[PDB]
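Shown next: final_8.txt, given as compact mmCIF, C-alpha atoms.
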```
# COMPACT_ATOMS: atom_id res chain seq x y z
CA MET G 1 -10.69 7.33 -12.98
CA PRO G 2 -7.37 9.27 -13.17
CA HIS G 3 -6.82 12.33 -11.01
CA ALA G 4 -4.57 15.24 -11.87
CA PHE G 5 -0.84 14.75 -11.41
CA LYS G 6 0.39 15.11 -7.81
CA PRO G 7 3.82 15.04 -6.09
CA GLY G 8 5.10 11.46 -5.79
CA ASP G 9 3.49 10.26 -9.04
CA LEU G 10 5.84 8.09 -11.17
CA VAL G 11 6.08 8.71 -14.90
CA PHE G 12 8.09 8.45 -18.00
CA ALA G 13 8.72 12.06 -19.00
CA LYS G 14 9.40 13.12 -22.61
CA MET G 15 11.81 15.84 -23.67
CA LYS G 16 12.91 16.75 -27.20
CA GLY G 17 15.86 14.65 -28.30
CA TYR G 18 15.63 12.24 -25.41
CA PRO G 19 13.88 8.85 -25.02
CA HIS G 20 10.88 8.73 -22.64
CA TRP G 21 12.70 8.96 -19.32
CA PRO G 22 11.99 7.48 -15.83
CA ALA G 23 10.93 10.37 -13.60
CA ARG G 24 8.70 11.53 -10.75
CA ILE G 25 6.58 14.58 -10.02
CA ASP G 26 8.45 16.42 -7.31
CA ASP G 27 7.27 18.58 -4.44
CA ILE G 28 8.33 22.21 -4.34
CA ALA G 29 10.28 22.84 -1.11
CA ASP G 30 9.50 25.94 0.96
CA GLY G 31 11.48 28.84 -0.53
CA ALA G 32 12.16 27.06 -3.82
CA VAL G 33 11.56 28.41 -7.33
CA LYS G 34 8.00 27.49 -8.38
CA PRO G 35 7.26 26.07 -11.88
CA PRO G 36 5.49 28.16 -14.53
CA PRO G 37 1.65 27.88 -14.75
CA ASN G 38 0.33 24.50 -15.90
CA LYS G 39 3.86 23.02 -15.48
CA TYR G 40 5.06 20.45 -12.97
CA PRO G 41 8.57 20.00 -11.50
CA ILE G 42 9.87 16.75 -12.91
CA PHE G 43 12.78 14.96 -11.33
CA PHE G 44 14.57 12.68 -13.74
CA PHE G 45 15.90 9.46 -12.26
CA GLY G 46 19.51 8.53 -12.96
CA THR G 47 20.55 12.01 -14.14
CA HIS G 48 18.94 13.62 -11.08
CA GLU G 49 18.05 16.64 -13.22
CA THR G 50 14.87 18.73 -12.94
CA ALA G 51 12.84 20.26 -15.75
CA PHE G 52 9.36 21.78 -15.87
CA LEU G 53 6.92 19.86 -18.06
CA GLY G 54 3.22 19.83 -18.73
CA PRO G 55 0.95 16.72 -18.85
CA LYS G 56 1.38 16.23 -22.59
CA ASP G 57 4.96 15.04 -21.86
CA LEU G 58 4.02 12.89 -18.81
CA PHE G 59 3.14 9.19 -19.19
CA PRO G 60 2.04 7.29 -16.02
CA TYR G 61 4.68 4.72 -15.19
CA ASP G 62 2.46 1.67 -14.52
CA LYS G 63 0.66 1.96 -17.89
CA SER G 64 3.87 2.79 -19.85
CA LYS G 65 6.67 0.69 -18.34
CA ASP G 66 6.20 -2.24 -20.73
CA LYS G 67 6.93 0.12 -23.62
CA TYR G 68 9.46 2.58 -22.19
CA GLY G 69 11.14 0.64 -19.38
CA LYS G 70 13.93 -1.02 -21.40
CA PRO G 71 17.69 -0.29 -21.18
CA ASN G 72 19.05 2.64 -23.17
CA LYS G 73 22.55 3.79 -24.06
CA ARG G 74 21.98 7.34 -22.82
CA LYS G 75 23.94 8.59 -19.80
CA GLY G 76 22.08 7.92 -16.58
CA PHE G 77 19.18 6.03 -18.09
CA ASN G 78 19.75 2.49 -16.69
CA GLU G 79 20.57 3.97 -13.29
CA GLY G 80 17.22 5.77 -13.64
CA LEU G 81 15.41 2.51 -14.36
CA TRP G 82 16.80 1.03 -11.15
CA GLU G 83 15.76 4.03 -9.10
CA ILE G 84 12.17 4.19 -10.38
CA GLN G 85 11.65 0.43 -9.70
CA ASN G 86 13.57 0.09 -6.44
CA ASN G 87 13.51 3.40 -4.50
CA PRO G 88 11.40 5.96 -6.42
CA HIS G 89 10.62 8.12 -3.36
CA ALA G 90 14.13 8.48 -1.90
CA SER G 91 16.15 11.65 -1.50
CA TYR G 92 18.64 11.80 -4.40
CA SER G 93 20.04 15.18 -3.27
```

Hey, can you dump this file as structure tokens for me?
Amino acid sequence: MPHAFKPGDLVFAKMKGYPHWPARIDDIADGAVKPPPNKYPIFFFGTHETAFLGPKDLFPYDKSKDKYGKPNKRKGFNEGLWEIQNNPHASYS
């Protein structure tokens, strides 16, 4: 059975106005700003942006890739597809 989301989990993450986006659950570094309650720090592949999202907006990548893992015109998206398939756990800092 599924567990709760944990750092390193791969997802498509949904934000208003944007297609379901390749992303990971990030760790919070020592001394870094923590997310709000019930929110997770989401790192978006390709754009390398971070937002805080709850589980309703998080789709596990393995289950969802056949539907959401297709090229998209939006800035950074196809880069993001490469990253989530080929080096999803790298430092993109």

Shell around stretch 53-66 of chain G at 8 Å using all atoms listed in the file, local window under 2 positions removed, as a PDB file with C-alpha atoms, in the coordinates of the input:
```pdb
ATOM      1  CA  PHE G   5      -0.840  14.750 -11.410  1.00  0.00           C
ATOM      2  CA  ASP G   9       3.490  10.260  -9.040  1.00  0.00           C
ATOM      3  CA  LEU G  10       5.840   8.090 -11.170  1.00  0.00           C
ATOM      4  CA  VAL G  11       6.080   8.710 -14.900  1.00  0.00           C
ATOM      5  CA  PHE G  12       8.090   8.450 -18.000  1.00  0.00           C
ATOM      6  CA  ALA G  13       8.720  12.060 -19.000  1.00  0.00           C
ATOM      7  CA  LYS G  14       9.400  13.120 -22.610  1.00  0.00           C
ATOM      8  CA  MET G  15      11.810  15.840 -23.670  1.00  0.00           C
ATOM      9  CA  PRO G  22      11.990   7.480 -15.830  1.00  0.00           C
ATOM     10  CA  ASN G  38       0.330  24.500 -15.900  1.00  0.00           C
ATOM     11  CA  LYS G  39       3.860  23.020 -15.480  1.00  0.00           C
ATOM     12  CA  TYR G  40       5.060  20.450 -12.970  1.00  0.00           C
ATOM     13  CA  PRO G  41       8.570  20.000 -11.500  1.00  0.00           C
ATOM     14  CA  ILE G  42       9.870  16.750 -12.910  1.00  0.00           C
ATOM     15  CA  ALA G  51      12.840  20.260 -15.750  1.00  0.00           C
ATOM     16  CA  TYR G  68       9.460   2.580 -22.190  1.00  0.00           C
ATOM     17  CA  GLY G  69      11.140   0.640 -19.380  1.00  0.00           C
ATOM     18  CA  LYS G  70      13.930  -1.020 -21.400  1.00  0.00           C
TER      19      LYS G  70
END
```

- Message: Please report the interatomic distance between atom CA of residue G:77 and atom CA of residue G:2 in Å with one decimal.
- Response: 27.2 Å

- Rank G:1, G:87, G:7, G:75 by their smallest atom-to-atom distance to residue G:47, using all atoms listed in the file, and report the top residue only. G:75

- Task: Choose the residue, out of G:46, G:30, G:23, G:4, that has the smallest atom-to-atom separation from residue G:82; count all atoms listed in the file.
- Result: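 Among G:46, G:30, G:23, G:4, it is G:46 that comes nearest to residue G:82.
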
- Atom-to-atom span, atom CA of residue G:8 and atom CA of residue G:24, Å: 6.1 Å
